[PDB]
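J.: Below: one structure in structure tokens.
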Amino acid sequence: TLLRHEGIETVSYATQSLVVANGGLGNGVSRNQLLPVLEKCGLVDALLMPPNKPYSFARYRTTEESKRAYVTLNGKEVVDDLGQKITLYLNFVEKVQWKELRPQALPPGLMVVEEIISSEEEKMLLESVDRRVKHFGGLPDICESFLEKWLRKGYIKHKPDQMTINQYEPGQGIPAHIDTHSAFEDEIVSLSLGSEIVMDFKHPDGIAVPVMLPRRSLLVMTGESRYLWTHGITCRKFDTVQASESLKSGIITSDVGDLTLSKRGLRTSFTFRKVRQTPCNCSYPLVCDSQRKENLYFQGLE
Ligand SMILES: O=C(O)CCC(=O)C(=O)O
Ligand SMILES: [Mn+2]
Ligand SMILES: [Zn+2]
């Protein structure tokens, strides 16, 4: 399913150990949560839960008990610290090992302009609007002033003709996705204000880059970062960041310094896109609705 990119080898025969997909700490599943469910099938000799991973490893005393878990727990639902439902998927593993990845680069074509606006400029926009969502496109002069500067500065190359307002509350976010190709051009920028947050960007092949969007920052995503990748916001109330560069934006790597968590706040976003007139024709037909419009096969795959 995903374990492929994760470097986890699975076998088709019963074994004492098995990987538990979606049963990891990085998914919101606690040891006090999973361990009980696991023991319900046998004597759990070990529950290995690697940090920041959407999975954990379980090992039973006998290979028979393990098979019981594989056939009874597979598909079982559990509630994370986010008060959400998540199904578990177990698989037999001969050995317990996985790959650790630490992206050093933002998805190509993505860039976060820090302190794009001032404090008063932030306060203003916030008190001039009134999961909460709001569409446009049209564009209120309230920002026609800013956009103009955006272009001159060079941060943006095209003036948008549509804008969406998103207001997220501590806990709520938005599931991963990719803005429609045939709907907007190759340039979608997003101004985050009120309270910093962490946007997740994922590549189909497997790469996972958790980008931290600070307040008063303009996330501009173009190219691959806007056509192939996928942006989302894990619904949580606490984001983990690096001690020093906590307020700074970028990739939140680990093992390079002491780590500390931060509480979320009422974040409001202003996404700007230019509605496309022609049909999209990028280099990513795997996700481009326009380029795969007339393909019975793709159609079947919905
Ligand atoms: O939260 C953001 O800044 C991204 C906006 C977004 O995902 C959308 O509404 O299409
Ligand atoms: Mn979006
Ligand atoms: Zn496309």
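How things are named: the first chain in the structure tokens is A, the next is B, and so on; residues count from 1 in each chain; ligands count from 1 in the order shown.
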Write out as a ChimeraX atom specification all residues of segment 26-144 of chain A that backbone DSSP assigns to helix (DSSP H, G or I).
T.: /A:26-27,31-39,63-72,119-126,141-144
J.: May I ask you to write as a VMD selection string all residues lying at most 10 Å from ligand 3, with only C-alpha atoms and all ligand atoms counted?
T.: chain A and resid 179 to 186 223 to 224 226 to 228 279 to 292
J.: Print the selection's residues with C-alpha atoms to a file, as an mmCIF file, in the first residue's frame.
T.:
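This is the output file again.cif:
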```
data_model
loop_
_atom_site.group_PDB
_atom_site.id
_atom_site.type_symbol
_atom_site.label_atom_id
_atom_site.label_comp_id
_atom_site.auth_asym_id
_atom_site.auth_seq_id
_atom_site.Cartn_x
_atom_site.Cartn_y
_atom_site.Cartn_z
ATOM 1 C CA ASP A 179 -6.002 22.069 -6.961
ATOM 2 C CA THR A 180 -7.781 21.268 -10.192
ATOM 3 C CA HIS A 181 -5.576 21.625 -13.245
ATOM 4 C CA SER A 182 -8.236 22.707 -15.688
ATOM 5 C CA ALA A 183 -9.509 25.180 -13.078
ATOM 6 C CA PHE A 184 -6.450 27.353 -12.435
ATOM 7 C CA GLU A 185 -3.141 28.331 -13.959
ATOM 8 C CA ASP A 186 0.352 27.311 -12.840
ATOM 9 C CA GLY A 223 5.314 23.780 -11.225
ATOM 10 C CA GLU A 224 5.652 20.328 -9.739
ATOM 11 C CA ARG A 226 1.330 22.732 -7.652
ATOM 12 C CA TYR A 227 0.572 20.090 -10.281
ATOM 13 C CA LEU A 228 2.006 16.794 -8.952
ATOM 14 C CA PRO A 279 -7.627 22.942 -21.090
ATOM 15 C CA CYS A 280 -4.574 22.105 -18.920
ATOM 16 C CA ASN A 281 -1.674 20.367 -20.592
ATOM 17 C CA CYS A 282 1.196 19.935 -18.122
ATOM 18 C CA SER A 283 3.670 17.076 -17.709
ATOM 19 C CA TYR A 284 1.711 15.119 -15.145
ATOM 20 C CA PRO A 285 -1.131 13.264 -16.919
ATOM 21 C CA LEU A 286 -1.263 11.021 -13.885
ATOM 22 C CA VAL A 287 -3.151 13.740 -12.028
ATOM 23 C CA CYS A 288 -4.222 16.151 -14.764
ATOM 24 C CA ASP A 289 -8.004 15.797 -15.163
ATOM 25 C CA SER A 290 -7.876 17.558 -18.539
ATOM 26 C CA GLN A 291 -5.259 15.269 -20.075
ATOM 27 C CA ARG A 292 -7.060 12.143 -18.908
#
```
J.: Env of residue 81 of chain A: 10 Å cut, atoms = only C-alpha atoms, seq-sep filter 4 positions within chain, self excluded. Answer as an MDAnalysis selection string.
T.: chainID A and resid 27:30 33 236:237
J.: What does the file look like for those residues with N, CA and C atoms, as a tab-separated table (two decimals), in the first residue's frame?
T.:
```tsv
chain	number	residue	atom	x	y	z
A	27	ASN	N	0.80	8.86	13.61
A	27	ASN	CA	-0.53	8.84	13.05
A	27	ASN	C	-1.55	9.21	14.11
A	28	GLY	N	-1.07	9.37	15.34
A	28	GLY	CA	-1.94	9.74	16.43
A	28	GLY	C	-2.35	8.57	17.28
A	29	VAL	N	-1.74	7.42	17.04
A	29	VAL	CA	-2.08	6.24	17.83
A	29	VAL	C	-1.07	6.10	18.95
A	30	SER	N	-1.55	6.04	20.19
A	30	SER	CA	-0.66	5.92	21.34
A	30	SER	C	-0.41	4.46	21.71
A	33	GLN	N	-3.07	2.90	23.53
A	33	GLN	CA	-4.22	2.68	22.67
A	33	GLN	C	-4.15	1.33	21.95
A	236	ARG	N	-4.91	18.46	13.78
A	236	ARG	CA	-4.31	18.28	15.09
A	236	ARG	C	-4.35	19.64	15.79
A	237	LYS	N	-4.00	19.67	17.08
A	237	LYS	CA	-4.03	20.91	17.84
A	237	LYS	C	-2.63	21.37	18.23
```
J.: Give the strand (DSSP E or B) residues of segment 6-172 of chain A, as DSSP finds them on the backbone, and put them as an MDAnalysis selection string.
T.: chainID A and resid 17:21 44:48 55:60 77:79 85:87 89:92 110:113 132:134 162:168
J.: With C-alpha atoms retained, write the just-selected residues as a PDB file, in the first residue's frame.
T.:
```
ATOM      1  CA  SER A  17       6.153 -10.276  13.876  1.00  0.00           C
ATOM      2  CA  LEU A  18       3.992  -7.994  11.801  1.00  0.00           C
ATOM      3  CA  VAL A  19       3.755  -4.365  10.718  1.00  0.00           C
ATOM      4  CA  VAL A  20       0.711  -2.409  11.857  1.00  0.00           C
ATOM      5  CA  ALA A  21      -0.157   0.241   9.292  1.00  0.00           C
ATOM      6  CA  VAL A  44       2.553  -9.346  22.869  1.00  0.00           C
ATOM      7  CA  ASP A  45       6.277  -9.797  23.419  1.00  0.00           C
ATOM      8  CA  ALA A  46       7.071  -6.380  21.948  1.00  0.00           C
ATOM      9  CA  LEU A  47       5.399  -3.337  20.439  1.00  0.00           C
ATOM     10  CA  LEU A  48       7.961  -1.329  18.507  1.00  0.00           C
ATOM     11  CA  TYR A  55       2.914   2.603  11.724  1.00  0.00           C
ATOM     12  CA  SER A  56       4.359   0.333  14.389  1.00  0.00           C
ATOM     13  CA  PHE A  57       5.612  -3.222  14.733  1.00  0.00           C
ATOM     14  CA  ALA A  58       4.133  -5.963  16.864  1.00  0.00           C
ATOM     15  CA  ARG A  59       5.691  -9.269  17.853  1.00  0.00           C
ATOM     16  CA  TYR A  60       3.853 -12.130  19.595  1.00  0.00           C
ATOM     17  CA  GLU A  77     -10.896   0.820  13.672  1.00  0.00           C
ATOM     18  CA  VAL A  78      -9.332   2.832  16.468  1.00  0.00           C
ATOM     19  CA  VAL A  79      -9.574   6.396  17.739  1.00  0.00           C
ATOM     20  CA  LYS A  85     -11.531   6.924  13.212  1.00  0.00           C
ATOM     21  CA  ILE A  86      -8.646   5.089  11.578  1.00  0.00           C
ATOM     22  CA  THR A  87      -8.531   1.522  10.321  1.00  0.00           C
ATOM     23  CA  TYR A  89      -3.831  -2.964   8.410  1.00  0.00           C
ATOM     24  CA  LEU A  90      -1.463  -5.673   9.565  1.00  0.00           C
ATOM     25  CA  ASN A  91       1.043  -7.628   7.529  1.00  0.00           C
ATOM     26  CA  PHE A  92       3.582 -10.313   8.256  1.00  0.00           C
ATOM     27  CA  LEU A 110       7.441  25.866  -3.969  1.00  0.00           C
ATOM     28  CA  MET A 111       8.630  28.910  -2.050  1.00  0.00           C
ATOM     29  CA  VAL A 112       7.575  30.691   1.110  1.00  0.00           C
ATOM     30  CA  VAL A 113       8.141  34.459   1.219  1.00  0.00           C
ATOM     31  CA  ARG A 132     -15.356  28.133   7.655  1.00  0.00           C
ATOM     32  CA  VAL A 133     -14.825  28.743   3.907  1.00  0.00           C
ATOM     33  CA  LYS A 134     -15.370  31.748   1.624  1.00  0.00           C
ATOM     34  CA  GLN A 162     -10.067  34.425  -7.987  1.00  0.00           C
ATOM     35  CA  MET A 163      -9.424  34.013  -4.279  1.00  0.00           C
ATOM     36  CA  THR A 164     -10.489  31.670  -1.496  1.00  0.00           C
ATOM     37  CA  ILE A 165     -10.638  32.366   2.216  1.00  0.00           C
ATOM     38  CA  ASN A 166     -10.030  29.581   4.667  1.00  0.00           C
ATOM     39  CA  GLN A 167     -10.317  29.872   8.428  1.00  0.00           C
ATOM     40  CA  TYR A 168      -9.021  26.944  10.447  1.00  0.00           C
TER      41      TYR A 168
END
```
J.: Residues up to 7 Å from ligand 2, counting only C-alpha atoms and all ligand atoms: could you list those as a list in words?
T.: residues 177, 178, 179 and 231 of chain A
J.: Could you work out how far atom CA of residue 24 of chain A lies from atom CA of residue 211 of chain A, giving the answer in Å with one decimal?
T.: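 Calculated distance between atom CA of residue 211 of chain A and atom CA of residue 24 of chain A is 20.8 Å.
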J.: Suppose you want the space between atom CA of residue 196 of chain A and atom CA of residue 138 of chain A; what is it in Å?
T.: 27.3 Å
J.: Using atom CA of residue 128 of chain A and atom CA of residue 271 of chain A as the two end points, give the distance in Å to one decimal.
T.: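 Interatomic distance, atom CA of residue 128 of chain A to atom CA of residue 271 of chain A: 15.7 Å.
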J.: Can you tell me which residues surround segment 246-258 of chain A at a distance of at most 9 Å, considering only C-alpha atoms, apart from same-chain residues fewer than 4 positions away, and format the answer as a CSV table (one decimal) with N, CA, C and O atoms, in the first residue's frame?
T.:
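Saved to selection_38.csv:
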```
chain,number,residue,atom,x,y,z
A,102,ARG,N,14.8,12.3,5.3
A,102,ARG,CA,14.9,13.7,5.8
A,102,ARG,C,15.0,14.7,4.7
A,102,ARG,O,16.1,15.0,4.4
A,103,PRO,N,13.9,15.1,4.0
A,103,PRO,CA,14.0,16.0,2.9
A,103,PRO,C,14.8,17.2,3.3
A,103,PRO,O,14.7,17.8,4.3
A,104,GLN,N,15.7,17.6,2.4
A,104,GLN,CA,16.5,18.8,2.5
A,104,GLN,C,16.1,19.9,1.6
A,104,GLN,O,16.5,21.0,1.6
A,105,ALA,N,15.1,19.5,0.7
A,105,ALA,CA,14.5,20.4,-0.3
A,105,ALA,C,13.0,20.4,-0.4
A,105,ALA,O,12.3,19.4,-0.3
A,106,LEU,N,12.5,21.6,-0.5
A,106,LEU,CA,11.0,21.8,-0.7
A,106,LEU,C,10.7,21.3,-2.0
A,106,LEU,O,11.5,21.2,-2.9
A,111,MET,N,7.8,27.9,-2.7
A,111,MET,CA,8.6,28.9,-2.1
A,111,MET,C,7.8,29.8,-1.1
A,111,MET,O,6.7,30.2,-1.5
A,112,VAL,N,8.3,29.9,0.1
A,112,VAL,CA,7.6,30.7,1.1
A,112,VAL,C,8.3,32.0,1.4
A,112,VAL,O,9.4,32.0,1.9
A,113,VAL,N,7.6,33.1,1.0
A,113,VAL,CA,8.1,34.5,1.2
A,113,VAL,C,7.8,34.9,2.7
A,113,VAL,O,6.6,35.0,3.0
A,114,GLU,N,8.8,35.0,3.5
A,114,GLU,CA,8.5,35.3,4.9
A,114,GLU,C,8.3,36.9,5.2
A,114,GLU,O,9.0,37.7,4.5
A,196,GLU,N,0.4,30.6,12.8
A,196,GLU,CA,1.2,29.7,12.0
A,196,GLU,C,0.6,28.3,12.0
A,196,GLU,O,-0.1,27.9,12.9
A,209,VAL,N,7.0,15.9,2.7
A,209,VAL,CA,7.6,17.2,3.2
A,209,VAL,C,6.6,18.0,4.0
A,209,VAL,O,5.7,18.6,3.4
A,210,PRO,N,6.8,18.1,5.3
A,210,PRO,CA,6.0,18.9,6.2
A,210,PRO,C,6.5,20.3,6.3
A,210,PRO,O,7.5,20.6,7.0
A,211,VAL,N,5.9,21.2,5.5
A,211,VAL,CA,6.3,22.6,5.5
A,211,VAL,C,5.5,23.4,6.5
A,211,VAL,O,4.3,23.3,6.7
A,212,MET,N,6.2,24.3,7.2
A,212,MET,CA,5.7,25.1,8.2
A,212,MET,C,5.3,26.5,7.7
A,212,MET,O,6.2,27.4,7.6
A,213,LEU,N,4.0,26.8,7.6
A,213,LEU,CA,3.6,28.1,7.1
A,213,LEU,C,3.4,29.1,8.3
A,213,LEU,O,2.4,29.0,8.9
A,214,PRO,N,4.4,30.0,8.5
A,214,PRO,CA,4.3,31.0,9.6
A,214,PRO,C,3.4,32.1,9.2
A,214,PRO,O,3.0,32.3,8.0
A,215,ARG,N,3.0,32.9,10.2
A,215,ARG,CA,2.1,34.1,10.0
A,215,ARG,C,2.7,35.1,9.1
A,215,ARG,O,3.9,35.3,9.1
A,217,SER,N,3.1,35.1,6.0
A,217,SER,CA,3.9,34.5,5.0
A,217,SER,C,3.2,34.1,3.7
A,217,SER,O,2.0,33.7,3.8
A,240,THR,N,4.8,20.2,16.0
A,240,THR,CA,6.1,20.1,16.5
A,240,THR,C,7.1,20.9,15.6
A,240,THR,O,7.1,20.7,14.4
A,241,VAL,N,8.0,21.7,16.2
A,241,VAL,CA,8.9,22.5,15.5
A,241,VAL,C,10.3,22.5,16.2
A,241,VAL,O,10.4,22.1,17.3
A,242,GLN,N,11.3,22.9,15.4
A,242,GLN,CA,12.7,23.0,15.9
A,242,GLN,C,12.8,24.2,16.9
A,242,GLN,O,12.3,25.2,16.7
A,262,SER,N,4.3,23.4,19.7
A,262,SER,CA,3.7,24.7,19.7
A,262,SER,C,2.2,24.5,19.5
A,262,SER,O,1.7,23.6,18.8
```
J.: Considering only C-alpha atoms and all ligand atoms, state which residue in the set A:12, A:222, A:66, A:190 is at the smallest distance from ligand 1.
T.: A:190
J.: Rank nothing, just name the residue among A:151, A:25, A:261, A:220 nearest to ligand 1, using only C-alpha atoms and all ligand atoms.
T.: A:220
J.: Have a look at A:188, A:125, A:259, A:275 and name the one nearest to ligand 1; count only C-alpha atoms and all ligand atoms.
T.: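 Counting only C-alpha atoms and all ligand atoms, the residue closest to ligand 1 is A:188.
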